[PDB]
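Structure record follows, encoded as structure tokens.
Protein chains: 4
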Amino acid sequence: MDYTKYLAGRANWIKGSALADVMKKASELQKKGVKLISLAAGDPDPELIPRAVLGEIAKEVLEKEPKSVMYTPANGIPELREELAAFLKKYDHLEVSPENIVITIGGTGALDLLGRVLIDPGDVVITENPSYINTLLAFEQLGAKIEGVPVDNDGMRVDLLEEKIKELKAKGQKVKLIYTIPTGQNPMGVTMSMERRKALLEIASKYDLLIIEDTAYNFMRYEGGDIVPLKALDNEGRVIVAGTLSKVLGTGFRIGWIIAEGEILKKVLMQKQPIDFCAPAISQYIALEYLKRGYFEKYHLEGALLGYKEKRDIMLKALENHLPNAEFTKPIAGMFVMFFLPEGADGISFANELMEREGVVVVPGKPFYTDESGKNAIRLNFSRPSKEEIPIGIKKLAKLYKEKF
Amino acid sequence: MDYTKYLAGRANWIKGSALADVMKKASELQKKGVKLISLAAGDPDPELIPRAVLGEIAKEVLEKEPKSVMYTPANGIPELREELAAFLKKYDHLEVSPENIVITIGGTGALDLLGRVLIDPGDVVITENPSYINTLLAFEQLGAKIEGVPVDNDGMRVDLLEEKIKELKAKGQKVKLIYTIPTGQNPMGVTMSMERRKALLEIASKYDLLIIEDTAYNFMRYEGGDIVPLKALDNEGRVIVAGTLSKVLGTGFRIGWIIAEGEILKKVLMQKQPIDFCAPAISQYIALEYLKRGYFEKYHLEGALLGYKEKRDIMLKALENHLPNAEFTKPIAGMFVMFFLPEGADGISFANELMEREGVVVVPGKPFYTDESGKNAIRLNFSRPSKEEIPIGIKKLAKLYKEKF
Amino acid sequence: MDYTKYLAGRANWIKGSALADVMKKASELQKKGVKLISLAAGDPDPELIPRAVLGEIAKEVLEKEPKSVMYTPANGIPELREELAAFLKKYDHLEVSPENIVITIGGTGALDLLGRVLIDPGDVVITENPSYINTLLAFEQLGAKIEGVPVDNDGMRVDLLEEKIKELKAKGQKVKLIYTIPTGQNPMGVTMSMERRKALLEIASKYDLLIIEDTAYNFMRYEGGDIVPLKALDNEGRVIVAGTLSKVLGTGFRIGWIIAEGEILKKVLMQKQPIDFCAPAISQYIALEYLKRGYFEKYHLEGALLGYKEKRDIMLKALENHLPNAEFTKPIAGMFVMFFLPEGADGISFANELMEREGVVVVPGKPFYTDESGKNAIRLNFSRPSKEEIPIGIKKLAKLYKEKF
Amino acid sequence: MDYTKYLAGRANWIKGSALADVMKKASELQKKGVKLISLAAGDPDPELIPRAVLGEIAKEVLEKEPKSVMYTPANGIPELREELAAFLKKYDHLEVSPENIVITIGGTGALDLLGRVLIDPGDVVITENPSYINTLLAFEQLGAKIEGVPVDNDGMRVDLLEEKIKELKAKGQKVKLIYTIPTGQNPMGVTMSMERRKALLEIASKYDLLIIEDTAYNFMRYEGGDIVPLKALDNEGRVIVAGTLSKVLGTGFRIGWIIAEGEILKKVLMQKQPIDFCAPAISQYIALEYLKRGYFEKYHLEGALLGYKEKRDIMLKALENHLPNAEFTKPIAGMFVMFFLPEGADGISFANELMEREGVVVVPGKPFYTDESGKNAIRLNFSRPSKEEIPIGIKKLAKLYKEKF
Ligand SMILES: Cc1ncc(COP(=O)(O)O)c(CN)c1O
Ligand SMILES: Cc1ncc(COP(=O)(O)O)c(CN)c1O
Ligand SMILES: Cc1ncc(COP(=O)(O)O)c(CN)c1O
Ligand SMILES: Cc1ncc(COP(=O)(O)O)c(CN)c1O
Ligand SMILES: [Zn+2]
Ligand SMILES: [Zn+2]
Ligand SMILES: [Zn+2]
Ligand SMILES: [Zn+2]
């Protein structure tokens with residue numbers, strides 16, 4: 001039977017993910033024989049995460065708290081919101097009310113809920129170029145048109161942002177939202193400077209726009225001085241945040257959040273129960289305890305954080321020993337490094353050869369771009385690989401490198 | 001600042017509930033701490049659930065499985081889908097391939113993913129009248145127009161279903177989907193007969209329609225014979241199921257699924273990673289073990305199920321005892337009883353008056369209807385309250401009843 | 001074949017118009033023998049229009065101007081726009097650039113073009129209650145939600161308008177446009193007072209809303225003072241007008257216009273060629289010469305106008321002496337009088353009986369309301385019927401009335 | 001003020017048109033002194049049209065028929081529908097009922113009315129490549145996704161059509177309509193062979209698709225045998241036609257039609273009054289007399305048609321004589337000829353340089369393609385320019401051609 005006839009026309013806005021084509025082409029070789037170390041993942045290190053400790057909490061809460069197995073309010077258990085509030089004020093410089101927090105199915109869920117309430121099909125949403133592949137996909141399947149703005153070692157080029165806004169309006173285009181990942185961007189790995197952050201806020205006010213700040217990697221900072229979220233600088237209330245504990249507490253727990261105000265918060269809350277009903281009860285209680293027991297500092301700060309900072313150094317050391325000639329980013333936050341093949345080279349076919357020949361998995365990155373740029377780009381992860389995997393990983397990458405240029 | 005201006009016009013399709021307005025007046029009475037018995041809730045008894053056991057497996061999973069903290073595939077871990085296929089084939093008379101099942105954020109998430117792929121704004125979707133408010137709400141905020149078909153003690157009046165289709169088509173109206181809750185429907189509590197289930201499939205085939213079957217309460221059947229889901233008789237492949245373990249495993253785990261095929265499955269999977277990324281890793285693993293070691297039959301079939309059946313009889317005897325001259329449903333499945341005030345009576349204010357004067361919380365019901373009927377309806381839940389609360393619950397309900405009627 | 005399955009879901013937003021249903025029930029009576037006296041349709045008197053003259057200029061234009069048979073720019077021939085600009089300056093307080101004028105397929109097309117550029121599905125658009133049925137229908141098939149505001153002898157109640165707006169925003173509803181017919185409204189026949197017009201402009205500014213002014217009957221005024229359009233008072237550029245020459249030159253020529261600015265004008269014009277290509281060349285050239293030769297004064301102002309004014313006096317005169325106990329409107333402009341049956345009486349039912357038992361055609365009216373009110377309303381037209389037919393008509397109308405009430 | 005913020009998101013789907021942009025850049029040249037030879041716009045020759053004749057009928061109609069200045073039923077006066085039905089049966093092998101004919105504002109309005117009832121945002125609509133730009137623009141601003149299918153001198157490559165269809169379905173894409181211009185296509189000027197017309201009908205039936213047949217040039221055929229419209233072969237009723245008399249009676253009268261059945265016809269009719277109200281009364285009556293008096297035979301068949309055929313031969317003679325090494329279409333019908341510059345050559349700049357240096361106007365070509373093809377295309381029209389102007393225009397064109405290549 002042809003089910004294609006029953007699809008909604010908006011289903012044609014839904015398309016495949018390149019980061020999924022290779023993550024499957026590898027899943028085929030990883031189970032059907034071959035052994036491979038990947039630099040393509042986006043997960044945090046499960047070994048750096050206190051699993052046994054989380055198992056203990058999971059075990060206690062399930063037998064201790066009956067609610068751990070039942071529905072939770074649409075915006076999350078009050079205690080998690082009260083704790084997340086204090087947590088943000090403590091470690092991310094955020095003075096936010098618990099009533100303004102909405103616990104979602106991870107940042108992904110937060111970005112989706114927001115798009116549903118803020119996007120009308122055709123609306124143009126401007127983003128960094130490149131940007132997080134999944135947010136672009138999320139927004140386009142909602143009918144949005146994406147317009148990207150170039151980035152550099154200091155993040156989005158705020159000067160190019162204003163020009164894009166003007167070029168768009170000069171065409172009579174309707175623009176409303178700006179989507180940005182200020183700290184440790186996926187996939188570039190760069191972070192917006194404080195100078196560009198204040199300039200961004202000025203531009204949002206100037207053109208009367210709203211900003212959606214993605215803080216997924218705010219707690220993965222290693223070098224930064226005292227860089228604060230745009231939200232902490234938001235005196236006009238033009239920014240909305242989409243956060244997550246996935247890179248901390250674990251990426252499978254599905255715990256994230258939205259910080260918004262006024263009628264936007266209201267509509268977000270209103271539409272939620274019929275969409276996901278509520279964020280997972282165990283996850284919320286596990287997170288509530290993790291925070292209350294002060295395990296953030298005890299395990300993530302003075303623990304997993306250093307573990308990531310290290311893998312970052314070794315991957316860069318490895319790159320700066322074997323590929324000192326090539327161009328790549330120097331992240332002071334996040335969990336990715338964007339490597340660049342010679343200008344012109346194909347990044348998707350090269351990513352294939354690394355598997356088809358050297359047995360190492362890397363993400364093309366090309367699909368992370370909002371236009372024709374980024375062909376020769378390649379994203380590399382260092383948060384999942386072991387200390388040993390990384391050197392061999394990029395060494396094999398360096399093997400095929402000169403083996404072609 | 002007026003955020004109203006930044007909203008997307010489709011955000012106007014988002015509206016309040018009733019199972020929210022009453023739950024806010026109850027929390028307002030509980031905030032300023034006042035005792036109250038609840039018959040409104042839709043949760044399974046957390047005490048009839050083997051929390052302790054789940055906790056141990058939660059501890060096991062997190063301790064020994066690193067993947068229980070990371071991203072699972074968008075459609076779920078292969079082992080869970082393979083187990084579900086077996087669990088369904090054994091307890092729900094359904095034969096399905098693991099490749100055709102997708103683990104979602106409960107039945108809710110399943111219904112939403114399905115709405116997003118099958119609904120274009122303006123599409124009419126046919127449902128039972130009354131039906132589950134959250135699905136009505138979920139589909140309407142996607143822009144669908146709801147057309148209801150009356151139900152009786154044998155479920156949806158299938159004959160009137162064809163009548164509605166004929167009426168709609170006579171007007172030139174486009175319809176493609178029928179959403180039905182065959183067993184232990186929420187809020188009516190009635191279950192479609194096998195006779196009507198066979199006719200429904202024929203009507204869907206005659207008008208080339210697709211059916212969305214909500215199996216949420218298929219495992220909460222008491223004094224029932226041998227009923228099988230529409231999907232088991234679906235020889236043309238016209239039905240899609242939206243199931244869940246919410247009532248079995250726990251309503252907070254967020255574990256549900258979609259069973260679709262062909263291009264509909266493809267599109268559903270393709271859009272999932274950018275929406276929820278994946279169902280909770282823990283939950284997925286907690287459910288995997290739970291099923292693999294036969295705890296469904298050990299704790300639910302011969303433990304929880306019997307507890308619910310018992311609470312069912314107590315509420316009915318209580319109703320039959322105190323309000324013999326009033327009308328209400330006699331469920332053979334599910335967790336609710338629909339009570340009817342005198343024809344003409346306002347159930348919404350009655351519920352408020354019952355909570356303000358007697359301290360018992362019940363759900364209006366009118367909001368579950370698709371047209372102007374059901375004004376005198378009141379939904380009653382018996383799966384969460386205690387055996388002691390029930391009698392006292394409907395007792396007080398009867399006092400205000402005879403007080404006015 | 002069942003074409004229902006091919007329809008776009010938005011086609012479901014398209015619905016029937018009683019003002020064209022019973023109007024088609026009369027089209028059957030005429031072409032079937034029955035001698036009918038019509039007080040329905042809103043056509044101008046074809047005998048008060050210089051048909052012969054127009055016939056002469058039509059001949060001329062066709063033989064002397066080769067363009068009268070070919071396409072024209074999407075926004076209309078420059079000469080007509082320039083001629084309309086001056087015309088509007090001399091008779092309607094308007095100082096507009098010919099560049100800001102777009103020649104459309106009557107005001108109908110003007111309203112549809114604006115809806116397409118300003119309305120996202122779900123958007124709330126505020127209108128008067130009652131309001132012009134075709135415009136409500138036009139906006140809703142574009143997915144808008146209509147919210148009406150009661151009118152009186154002085155037009156829209158501006159005080160209730162601000163309450164509705166505060167009401168909407170309190171619910172978190174998004175609103176943006178206000179559609180008003182300030183002079184000689186269809187169907188009430190009332191005109192907004194200069195006092196309320198200034199207040200409306202204040203509210204639009206206060207809430208940052210746009211106003212679309214329908215000027216259809218600005219040239220069928222009979223006794224106001226220097227009442228000026230909202231657009232001539234629009235110092236903030238918040239109003240857009242949708243005008244037409246159909247009530248002057250002839251309702252069948254399809255000559256109307258949109259007056260807008262900036263990006264709205266840009267987009268309105270960008271989308272036009274692909275939907276209508278251009279307004280009728282022959283009609284544009286006929287209108288041009290009609291204007292250039294001073295026929296507006298010679299025939300409309302000093303001919304048609306007076307005839308219509310006479311027809312109005314006659315209808316009100318007849319309504320006053322044979323039906324003095326009924327309440328109805330007294331228009332100072334336009335071509336309609338809204339007549340009212342006793343509260344509770346059914347106007348739709350009354351309309352069918354009148355036609356069936358007396359051969360007089362009137363328009364129900366209820367269809368023009370935005371809510372449940374207006375059941376007893378009946379709209380009467382005095383522009384088309386001869387001055388001999390008018391008294392005979394309402395005389396019969398009075399008879400059915402009195403024997404019923 | 002920034003009106004961009006008030007735009008509907010869907011306003012962003014509206015974009016510029018080279019065809020409209022070039023026509024306006026030429027009208028400015030005509031007024032700005034310069035006198036040029038035009039081979040662009042798709043207008044009929046105003047001298048080959050019996051203007052003088054149409055003039056007296058226009059005068060006659062206006063003075064004798066009062067209905068010629070008033071509204072008409074949304075679908076057009078009954079007499080016209082009946083005459084068109086007879087006209088189609090005689091000169092276009094079409095047996096259609098007068099009830100299935102809807103008089104629209106030209107072929108453009110017909111196509112817009114159909115898109116609104118048949119397209120949901122995101123729907124894929126397949127067309128020829130290239131195709132008429134206004135239809136592509138019309139469907140895309142309605143949110144449609146266009147997929148073109150290559151054509152040759154025998155029209156659409158039906159074999160490539162089925163491969164495209166299989167390509168779309170394999171990706172899970174939803175498609176339902178196919179828009180085609182079988183005879184004398186704009187811009188290619190080629191006509192589908194009867195062999196492909198039957199194959200197209202088979203494919204539509206095989207995949208259950210609807211076909212919208214554009215018959216704009218069915219009456220400007222010169223050498224085809226007895227080619228019949230797909231609609232005359234539509235035994236399953238899968239084709240809907242969008243026709244017009246613009247190329248016969250005159251392109252500026254705005255007299256076109258839709259031929260559909262069942263629910264599609266019902267909905268196209270229900271929505272029509274609120275978008276255009278009705279086609280121009282004068283144009284309808286003028287067309288009614290034109291047909292009834294047999295002027296199609298007397299002035300078009302034995303007049304205009306032979307005149308156009310001559311211009312058709314003259315342009316081909318001039319081209320083959322001065323550009324014998326360039327490839328260009330040889331139309332057997334229509335009014336356009338697609339000229340091709342050498343592969344790689346930019347057609348839009350060439351058109352500007354031609355208009356600037358030689359003062360001859362042509363259309364860029366590239367805008368009519370659904371993909372990146374056509375860069376070197378240039379559309380040439382032979383219906384409007386005089387017998388004399390054509391050779392001069394093509395010579396000047398040849399001059400710049402070899403001056404560049
Ligand atoms: C920029 C960004 N935003 C949001 C997310 C979502 O994070 P999550 O759905 O695991 O809570 C990620 C991780 N893939 C990310 O990199
Ligand atoms: C009809 C119906 N369907 C599905 C569900 C599932 O809800 P979920 O798997 O998100 O706990 C429920 C529970 N409220 C329900 O009543
Ligand atoms: C208020 C109003 N607006 C617009 C119109 C449309 O006028 P037009 O004959 O130029 O399409 C009418 C009459 N049908 C009207 O009454
Ligand atoms: C293929 C095609 N279809 C439809 C039309 C519309 O013709 P019209 O709006 O003058 O009745 C044209 C000419 N603009 C055309 O080339
Ligand atoms: Zn994109
Ligand atoms: Zn509803
Ligand atoms: Zn309405
Ligand atoms: Zn295109």
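Protein chains in written order, with the authors' numbering: chain C, 1 to 405; chain D, 1 to 405; chain B, 1 to 405; chain A, 1 to 405.
The beta carbon of each residue, even a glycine, is placed where N, CA and C say it ideally should be.
Check: Proximity of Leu-39 of chain B and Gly-393 of chain B at Cβ, strictly below 7 Å; Outcome: yes
Check: Neighbourhood of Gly-344 of chain B by C-beta, 8 Å cutoff - its chain only, sequence neighbours within 5 removed; Outcome: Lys-375 and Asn-376
Check: Residues in the segment 258-284 of chain B having any Cβ partner in chain C nearer than 7 Å; Outcome: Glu-263, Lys-266 and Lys-267
Check: Interface residues of the segment 156-175 of chain A facing chain D [CB-CB below 8 Å]; Outcome: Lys-169 and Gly-172
Check: Residues of its chain near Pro-98 of chain C, where Cβ-Cβ distance is below 6 Å and the 5 sequence neighbours each way are ignored; Outcome: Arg-81, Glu-82 and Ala-85
Check: For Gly-115 of chain D, the first and last residue of its enclosing alpha helix (DSSP H); Outcome: 106-118
Check: Contacting residues, own chain, Cβ-Cβ under 7 Å from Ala-199 of chain C (five flanking each side not counted); Outcome: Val-158
Check: Option in A:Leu-269, A:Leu-62 and A:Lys-145 with minimal Cα separation from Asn-100 of chain A; Outcome: A:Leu-269
Check: Beta-carbon neighbours of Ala-11 of chain A, restricted to chain C and to distances below 8 Å; Outcome: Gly-122, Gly-172 and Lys-174
Check: Environment of ligand 5 in chain order, Cβ to heavy atom below 7 Å; Outcome: C:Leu-136, C:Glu-140, C:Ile-146 and C:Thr-370
Check: Boundaries of the beta strand (DSSP E) in which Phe-339 of chain A is found, first to last residue; Outcome: 336-340
Check: Between the CA atoms of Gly-250 of chain D and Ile-178 of chain D - distance to the nearest angstrom; Outcome: 28 Å
Check: Coil, strand or helix - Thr-215 of chain B by DSSP; Outcome: coil
Check: Distance CB(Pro-187 of chain A)-CB(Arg-379 of chain A) smaller than 7 Å; Outcome: yes
Check: Cutoff 6 Å; reference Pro-150 of chain A; Cβ partners in own chain excluding five residues on either side; Outcome: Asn-129, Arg-157 and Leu-160
Check: Chain C contact for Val-117 of chain D (CB, 7 Å cutoff); Outcome: yes
Check: Between the CA atoms of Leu-233 of chain A and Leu-201 of chain A - distance to the nearest angstrom; Outcome: 8 Å
Check: Residue environment, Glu-263 of chain A, which counts as buried when at least 16 other CB atoms sit within 10 Å; Outcome: buried
Check: CB contact check: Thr-4 of chain A to chain C, cutoff 7 Å; Outcome: yes
Check: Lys-272 of chain A versus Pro-121 of chain C: straight-line alpha-carbon distance, rounded; Outcome: 25 Å
Check: Range covered by the alpha helix (DSSP H) that runs through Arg-379 of chain D; Outcome: Note, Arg-379 of chain D: premise wrong, no alpha helix (DSSP H); beta strand (DSSP E) at 377-381.
Check: Cβ-heavy atom distance, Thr-108 of chain D to ligand 2, below 6 Å; Outcome: yes
Check: Bridge partner(s) assigned by DSSP for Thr-127 of chain C; Outcome: C:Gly-148 and C:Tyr-179
Check: Extent of the continuous beta strand (DSSP E) to which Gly-189 of chain B belongs; Outcome: Note, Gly-189 of chain B: premise wrong, no beta strand (DSSP E); not H, not E.
Check: Distance cut-off 6 Å: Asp-214 of chain B Cβ against heavy atoms of ligand 3; Outcome: yes
Check: Cα-Cα separation, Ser-131 of chain D to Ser-27 of chain B; Outcome: 44 Å
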